[PDB]
There are 2 protein chains.
Amino acid sequence: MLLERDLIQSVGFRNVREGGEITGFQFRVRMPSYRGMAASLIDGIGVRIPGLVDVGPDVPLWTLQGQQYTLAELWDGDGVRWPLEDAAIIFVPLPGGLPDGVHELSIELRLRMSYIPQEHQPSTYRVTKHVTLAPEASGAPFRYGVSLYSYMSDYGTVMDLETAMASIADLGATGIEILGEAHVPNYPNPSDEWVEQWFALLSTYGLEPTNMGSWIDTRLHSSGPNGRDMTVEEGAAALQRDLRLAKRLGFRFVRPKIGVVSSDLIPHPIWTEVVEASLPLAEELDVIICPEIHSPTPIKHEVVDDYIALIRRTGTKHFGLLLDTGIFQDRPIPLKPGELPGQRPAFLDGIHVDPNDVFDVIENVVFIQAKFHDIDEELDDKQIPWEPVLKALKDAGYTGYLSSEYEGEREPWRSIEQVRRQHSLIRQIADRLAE
Amino acid sequence: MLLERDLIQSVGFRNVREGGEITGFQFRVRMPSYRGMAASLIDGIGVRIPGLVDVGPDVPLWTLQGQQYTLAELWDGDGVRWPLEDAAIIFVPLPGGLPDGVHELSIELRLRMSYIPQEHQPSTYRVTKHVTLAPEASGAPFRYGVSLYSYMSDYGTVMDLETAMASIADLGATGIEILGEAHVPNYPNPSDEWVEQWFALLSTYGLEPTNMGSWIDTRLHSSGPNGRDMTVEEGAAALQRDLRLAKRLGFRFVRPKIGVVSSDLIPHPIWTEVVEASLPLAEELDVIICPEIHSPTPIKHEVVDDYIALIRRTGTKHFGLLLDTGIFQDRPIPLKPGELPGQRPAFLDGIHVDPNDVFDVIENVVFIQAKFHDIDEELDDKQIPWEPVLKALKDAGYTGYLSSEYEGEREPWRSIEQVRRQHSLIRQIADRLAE
Ligand SMILES: [Rb+]
Ligand SMILES: [Rb+]
């Protein structure tokens, strides 16, 4: 599993419990040196969170190669290593632990290198990082998930499948959402070895597959001299192909994103018969087809009405709505340097859908993508008003998943902290709404 | 096989031959979309290097899932994909190809996303990047290698073993040097599965194991109340342990980095008996033990003298010198962000060992780490006078390996371009000395 660039890992920063009582907190630390080394060459790690934690270098305990040691023990041990491929697991004794949130964590790590003169030893590594503790808030009655979409650009450059699931598991989330043509290697023909490993990974990290995103690419052959549009039979043969893939990998929902014909994203006219021809298979496989309502499409709009009209006309219970919470965005996505007003579509400033608009549709809202862009060290989201959305969603009786779709700056590793902040934010709000 | 963050990869930028004549050049491109896509949704890639190439998007050829297509074929095909996990391989027809060096590649890649309104399509990505062509120059008489030490910090965060080896093979290097306690997982007990895959990888990428870095950590238990010192028998057991590991993994050299007791970096007193107690096993395994001359130790120093004195008092052919080319640094490493003029270590400004001093040691020089810090887009190395170093090495008769050891700023991915520039510069210089 790959390690984060920052020596202080975001993943694993959590309170530690024994028989129900919280005994302290841990975090993980990637070895800074160019090699793993003998554990006895460690000279400790001072830890500080201002106002909550302040301990000298010999106090934290070290879990290395499956066992926990004091520093005094590390000094006298033989054969124990801090292997380069493992983050060191640092436990800090703190009864009751740490409160939910983002915490500015400062470490002073000391390592003895025998090939360096004593007048420059030990080697000392000082770093600080705002890190998000795994959420203590329950978050009832919502179910908590993460889409691998949240890790776009990270995935495949700094992140692999096992690393992302480990990041999702640590958040206390239970649901993983994926994009079929993104995260299924050799799509649409994943190897038997890949699939076996997929279910092993779900078992290991306690995750269940939720939504698998898929496409109906109507413009498949729109270019060149022999251009053509996509037939109904081709649309459904593709949708059916992704329903079976989904079932095979254990997903309950499939979101086909359909090619559009207009500014506010009216799907291609083949969309209706493509879905209708696909509903028998989705019922047979027990998979729900849920198209996505995303900005600039609001809840009150002819495309939602037609989706709901399909539900009435067919009678089906394997067709539903997937909401993207960017329809609720009430503050603008920032301008980048060099851009100026009017150079971008209106909806990027937010279409401010009234969260209550979910009341009249909620019965058909089967899945929710918790889209967001930026959440700071104080758990302040800069675009999505989470309290009213959640209030409305709760009062309306929604009890399904909220699946993180981070879509902020794709700076390397940024998405890991961001997803963590969203889960800490949302679960805390859900708990205060219960009161 | 992770991909580099820049959309234009450095690995795979090379001239392309068929029956000896260069037909053009290729580069590799990471899919920027959040998914892999059917190949017919590609609308082409424009390519430019000022003064060398300027082609429109319908001209480059595309290799995808094992086969090469024109754009017009991609538009008409079915079932071919640009998988998210595969960089696209872009071929630009150009008889004679490109000269050696860094080139400023600008691409204009277009993609058709059906779910986005026509007035905002095709989706377009313009990036420019300085990428170093895989060396055309011979580089004889030296042999060319890379130490995974060059990829420190990237290794384990953005890079794994196979990705590293792919990058070394593409450079046309043949030798891979590793650090045992860095890159052997579960050191010192790699699994039979990892060892088998190691040998699979080397065969696949045409690489040969050269040097395994190793340590004798005399300060193993220097801290705590029960502090002690490393005995000869423990030191020799640690060396003999790395000798066996290196043999099992197929290396021919082991560089023990012995803990020091002073600022001229005089090894710990036990070093002589540790080595003498280890020469039979290195002889029985046919592995050479070569300690490393690193700055601030010059060639003209008791440390080097005692090394050569050991060779002669023992008669061994399994003890040698490893030279680190930083001892030849004639210009200063720049002041790190925020540092103080003078507070840094002294030798980091370079100790300027005369390149001719290799004539007196060359008969016992078995391996050379090509330490460098920074080489810019015109192949200007800012620290290491390569031409006199390389000319001295050639006139002294050295025909061994020059193993890259990038030690510049550890910006994510920067080591990749840096090593490629290193091999391009040196192979080109070497070729001029052949005249
Ligand atoms: Rb979405
Ligand atoms: Rb070195």
Side-chain angles (χ1 to χ4, degrees), chain A residues 153 156-157 223 336-339 343 409-412, chain B residues 3-16 22-34 37 39 41-64 68-72 74 82 86-113 120-136 167 170-171 375-380 411-421 424-425:
Chain A
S153 304
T157 65
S223 292
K336 291 164 234 248
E339 338 178 331
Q343 297 200 214
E409 296 297 270
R410 310 278 181 192
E411 219 48 33
Chain B
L3 300 170
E4 315 155 34
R5 196 64 167 221
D6 299 336
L7 299 180
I8 305 168
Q9 314 287 283
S10 292
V11 173
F13 183 45
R14 68 193 295 102
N15 282 324
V16 166
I22 290 170
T23 57
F25 72 100
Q26 65 168 45
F27 56 102
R28 276 160 79 257
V29 181
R30 169 171 79 73
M31 161 64 93
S33 181
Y34 34 73
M37 297 175 11
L41 304 167
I42 293 145
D43 249 16
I45 176 167
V47 181
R48 184 172 147 88
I49 309 161
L52 287 168
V53 181
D54 195 335
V55 289
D58 60 289
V59 183
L61 304 195
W62 292 65
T63 295
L64 301 152
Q68 185 176 64
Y69 305 90
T70 66
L71 181 49
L74 291 186
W82 187 355
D86 300 332
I89 302 149
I90 306 309
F91 171 79
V92 172
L94 179 79
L98 301 170
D100 263 325
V102 192
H103 302 283
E104 173 207 301
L105 198 42
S106 306
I107 62 173
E108 169 171 37
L109 168 77
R110 309 174 157 161
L111 293 189
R112 296 198 312 282
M113 344 294 273
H120 292 124
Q121 288 288 298
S123 277
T124 302
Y125 313 81
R126 302 150 196 283
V127 306
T128 304
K129 183 195 182 178
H130 289 103
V131 278
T132 307
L133 197 82
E136 289 287 340
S167 68
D170 193 64
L171 265 178
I375 303 177
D376 69 21
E377 310 179 330
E378 272 65 42
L379 290 198
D380 184 36
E411 267 332 275
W413 295 277
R414 212 176 101 97
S415 62
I416 288 178
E417 254 312 291
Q418 285 300 308
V419 174
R420 299 171 76 76
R421 282 160 203 194
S424 181
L425 179 51

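Residue numbering restarts at 1 for every chain, and letters A, B, ... go by the order of the sequence lines.
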With sequence neighbours left out, what residues match B/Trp62 under ring pair (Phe, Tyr, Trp, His ring centres under 6.0 Å)?
->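 Scan of B/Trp62 (ring pair (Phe, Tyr, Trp, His ring centres under 6.0 Å), adjacent residues dropped) gives B/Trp82.
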
State which residues pass ring pair (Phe, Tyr, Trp, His ring centres under 6.0 Å) with B/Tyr34; sequence neighbours excluded, sorted by chain then number.
->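 Per chain and number, B/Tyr34 pairs via ring pair (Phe, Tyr, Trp, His ring centres under 6.0 Å) with A/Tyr149.
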
Only counting residues at least two apart or in another chain, list the ones meeting salt bridge (charged side-chain N to carboxylate O under 4.0 Å, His left out) with B/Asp170.
->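 By the salt bridge (charged side-chain N to carboxylate O under 4.0 Å, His left out) rule, B/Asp170 matches B/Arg14, B/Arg420.
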
Check: [X] side chain, [Y] main-chain N or O, donor-acceptor pair, under 3.5 Å:
X        : Y        : result
A/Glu339 : A/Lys336 : yes
B/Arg30  : B/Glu4   : yes
B/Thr23  : B/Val16  : yes
B/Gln26  : B/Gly12  : yes
B/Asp6   : B/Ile8   : no

Of all heavy-atom pairs between [X] and [Y], which one has the smallest distance, and what is that distance?
X        : Y        : answer
B/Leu74  : B/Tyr69  : CD2-CB, 3.4 Å
B/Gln9   : B/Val29  : CG-N, 4.3 Å
B/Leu71  : B/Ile42  : CD1-O, 3.6 Å
A/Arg410 : A/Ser153 : CB-OG, 4.1 Å
B/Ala39  : B/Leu64  : CB-CD1, 4.1 Å
B/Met37  : B/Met113 : SD-CE, 4.2 Å

Determine whether the side chains of B/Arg110 and B/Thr124 contain a donor N or O and an acceptor N or O closer than 3.5 Å.
->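 Per modelled atom types, B/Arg110 and B/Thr124 side chains form no pair under 3.5 Å.
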
Identify every side-chain donor-acceptor pair in residues 87-108 of chain B under 3.5 Å, counting partners at least two apart or on other chains, and give the distances.
| unit_1 | atom_1 | unit_2 | atom_2 | d |
| --- | --- | --- | --- | --- |
| B/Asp100 | OD1 | B/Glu136 | N | 3.0 |
| B/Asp100 | OD2 | B/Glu136 | N | 3.3 |
| B/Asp100 | OD2 | B/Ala137 | N | 3.1 |
| B/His103 | NE2 | B/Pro99 | O | 2.7 |
| B/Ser106 | OG | B/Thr128 | OG1 | 3.1 |
| B/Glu108 | OE2 | B/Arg126 | NH1 | 2.8 |
| B/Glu108 | OE2 | B/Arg126 | NH2 | 3.0 |

Check: B/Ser424 and B/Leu379 side chains under 4.5 Å, non-hydrogen atoms =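 Of all side-chain heavy-atom pairs linking B/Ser424 with B/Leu379, at least one is under 4.5 Å.
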
Find out whether B/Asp380 and B/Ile375 are in side-chain contact, i.e. whether some heavy atom of one side chain is under 4.5 Å from a heavy atom of the other.
->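 A side-chain contact is absent here, since even the closest heavy-atom pair is not under 4.5 Å.
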
Could you measure the distance from the [atom1] atom of [X] to the [atom2] atom of [Y]? Nearest 0.5 Å is fine.
X        : Y        : atom1 : atom2 : answer
B/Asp376 : B/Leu425 : CG    : CG    : 10.0 Å
B/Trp413 : B/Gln418 : CH2   : CD    : 15.5 Å
B/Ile45  : B/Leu109 : CD1   : CG    : 5.0 Å

Stepwise, does the side chain to side chain contact (heavy atoms under 4.5 Å, CB included) test hold for B/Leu3 with B/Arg28?
-> CA-CA 10 Å; B/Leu3 300 170; B/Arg28 276 160 79 257; 3.7 Å; yes

Heavy atoms of other groups near B/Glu377 CD, more than 12 under 6.0 Å =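 Buried by this count: over 12 neighbours within 6.0 Å.
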
Taking atom CD of A/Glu409 as the centre, does the number of heavy atoms from other residues, nucleotides or ligands within less than 6.0 Å exceed 12?
->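 Not buried by this count: 12 neighbours or fewer within 6.0 Å.
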
Can you run down the side-chain hydrogen bond (donor to acceptor under 3.5 Å, both in side chains) pairs that involve residues 41-51 of chain B, sequence neighbours left out, and say none if there aren't any?
->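 Non-adjacent pairs meeting side-chain hydrogen bond (donor to acceptor under 3.5 Å, both in side chains): A/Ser223-B/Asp43, B/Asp43-B/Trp75, B/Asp43-B/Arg112, B/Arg48-B/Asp54.
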
For B/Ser123, all residues meeting side-chain hydrogen bond (donor to acceptor under 3.5 Å, both in side chains), sequence neighbours excluded =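 B/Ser123 satisfies side-chain hydrogen bond (donor to acceptor under 3.5 Å, both in side chains) with B/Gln121 once adjacent residues are dropped.
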
